[PDB]
Amino acid sequence: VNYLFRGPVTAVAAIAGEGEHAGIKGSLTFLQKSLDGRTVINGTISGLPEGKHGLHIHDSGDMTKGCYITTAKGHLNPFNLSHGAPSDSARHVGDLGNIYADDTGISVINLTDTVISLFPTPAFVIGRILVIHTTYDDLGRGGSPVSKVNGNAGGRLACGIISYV
Amino acid sequence: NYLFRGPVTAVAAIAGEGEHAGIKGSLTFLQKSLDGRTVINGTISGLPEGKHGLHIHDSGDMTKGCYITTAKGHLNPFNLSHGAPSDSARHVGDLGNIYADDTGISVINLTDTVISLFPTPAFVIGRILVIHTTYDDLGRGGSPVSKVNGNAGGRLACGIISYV
Ligand SMILES: [Cu+2]
Ligand SMILES: [Cu+2]
Ligand SMILES: [K+]
Ligand SMILES: [Zn+2]
Ligand SMILES: [Zn+2]
């Protein structure tokens, strides 16, 4: 069969900020053993402001303008659902929740997801931008008009394209 | 499965680092239909004058920066030898040479029928596009890596091919 659909797939994202956030640097590894399997996500980021930060996969993979996303498209959402928590049934494919940075600015990313895919199914996330937001994802529960659009997590601190190892 | 329908648009943001952080460019890839031709357009600035190999590599991993010497393998799912874009024996990732003149500007307009923006075995999204130090010898160079990668030297700049 087409080798893109075979065996374990490993993907990575090099995460970096720019300008005043050029000190935010890290990486994530995505591992999915089989088409029907969960995806494990592991990594570290350093240089972050302490506290929670939304972690989302965007519909665009376009980084010609750095971490500035020109398109208005929003989070990766091929099933046209509303913004939710990773464990919610009403979520975008790109809704991976919050990560946490300690007071030294280190974040240990350690999570598993059953909605994203590293295989070319409709939930494919390769070739899209992974975003680390300024503040926390309210999981669609904040009562803000944009709570159900993107969790009201603010601007972008750092970005990277999810791609093949 | 929408990854195999309609027209697909992809982009690569090309950048150097270190002594070559002035190298900056972008390319757009357009493929209107599965198995249709792919049209490539863009520009790169800041390059040393002359010809530079342009290849899609097997890895998309940018986590060690662009200038590694660990990932020299071109995208080659069909296990052929390195060649020119028009050669019959070529890698999927073999896009030949671009040219930069004395301004350091390279203008790129290409059409390819080997790469794919759809997830067939010739899929190039999620892989690194590499601009090399010097020219691709198109497999006609006599170095022991002429048929492996065209003997184009190290890397000047990279960019991941991703969805628009
Ligand atoms: Cu977001
Ligand atoms: Cu090359
Ligand atoms: K073809
Ligand atoms: Zn969302
Ligand atoms: Zn080659």
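Each chain gets a letter, A, B and so on, in the order its sequence line appears, and its residues count up from 1. FYI, side chains are in, hydrogens and waters are out, and symmetry mates aren't considered; it's all heavy atoms of this structure.
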Check: Are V93(A) and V131(A) connected, step by step, through hydrophobic side chains (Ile, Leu, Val, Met, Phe, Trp, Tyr) whose heavy atoms are closer than 4.5 Å?
Finding: no

Check: Under a single-linkage definition using a 4.5 Å side-chain heavy-atom cutoff for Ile, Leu, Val, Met, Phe, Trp and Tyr, are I106(A) and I109(A) assigned to the same hydrophobic cluster?
Finding: no

Notebook entry, point to check: With respect to chain A, which residue among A13(B), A15(B), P121(B) yields the maximal number of heavy-atom pairs within a distance under 4.5 Å?
Noted result: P121(B)

Note to self: Quick check: is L34(B) connected to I115(B) through a chain of hydrophobic side chains (ILVMFWY, heavy atoms under 4.5 Å apart)?
What the structure shows: yes

Next item on the list: Just give me the residue among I129(A), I126(A), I162(A), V165(A) that pairs up with chain B most often, heavy atom to heavy atom, under 4.5 Å.
Entry: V165(A)

Item checked: Joint hydrophobic cluster, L129(B) plus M63(A), side-chain heavy atoms closer than 4.5 Å -> no

Notebook entry, point to check: Side chain, backbone, both or neither: which part of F4(B) has an atom under 4.5 Å from a heavy atom of chain A?
Noted result: side chain

Note to self: Report which part of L76(A) has an atom under 4.5 Å of a heavy atom belonging to chain B: side chain, backbone, both, or neither.
What the structure shows: side chain

Notebook entry, point to check: Tell me, side chain or backbone of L4(A) under 4.5 Å from chain B's heavy atoms, or both, or neither?
Noted result: side chain

Notebook entry, point to check: Are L118(A) and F118(B) joined in one hydrophobic group, where the rule is that I, L, V, M, F, W and Y side chains link up if heavy atoms are under 4.5 Å apart?
Noted result: yes

Item checked: Most chain A-contacting option - heavy-atom pairs closer than 4.5 Å, from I160(B), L27(B), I14(B) -> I160(B)

Any idea which donor-acceptor pairs are under 3.5 Å between chain B and chain A?
from, atom 1, to, atom 2, distance (Å)
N1(B), ND2, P120(A), O, 2.9
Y2(B), OH, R128(A), NH2, 3.3
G60(B), N, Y164(A), O, 2.7
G60(B), O, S163(A), OG, 2.7
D61(B), N, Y164(A), O, 3.3
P119(B), O, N2(A), ND2, 2.8
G126(B), O, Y164(A), N, 3.0
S162(B), OG, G61(A), O, 2.6
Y163(B), N, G127(A), O, 3.0
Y163(B), O, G61(A), N, 2.8
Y163(B), O, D62(A), N, 3.3
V164(B), O, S60(A), OG, 2.6

Check: Side chain, backbone, both or neither: which part of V12(A) has a heavy atom under 4.5 Å from chain B?
Finding: side chain

Check: Which region of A13(A), side chain (C-beta onward) or backbone (N, CA, C, O), has a non-hydrogen atom less than 4.5 Å from a non-hydrogen atom of chain B, or is it both or neither?
Finding: backbone

